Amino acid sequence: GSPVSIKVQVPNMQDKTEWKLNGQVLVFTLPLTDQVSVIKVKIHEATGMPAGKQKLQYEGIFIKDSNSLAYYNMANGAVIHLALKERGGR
């Protein structure tokens, strides 16, 4: 497909001094056939935040690695919201 602009809203998390979580909006250029996992790769390259630590949400949907951006009907200027994933357990 044709590459589109996808935005990622990064958290503002200054206590995470190992990453660059400064509230910025990342702007990536990717085709709509690219999988959501590619967004995590590019977020890792820009913030240092590993993919396994990223929680992505698009229009309230917890988008999954194996689906393409087109699967979620993303378009130019779509904003993906990034959060820190927190693990649980008993």
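One rule holds for the numbers: they count along the sequence shown, beginning at 1.
Higher mean CA temperature factor between 54-62 and 30-38: 30-38, per the PDB entry. Checked against the record, the higher mean CA B factor of 78-86 and 12-20 lies with 12-20.
Among the modelled residues of its chain, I43 has a C-alpha B-factor that falls in the lowest third, as given in the PDB entry. The entry lists a Cα temperature factor for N73 that places it in the highest third of the chain's modelled residues.
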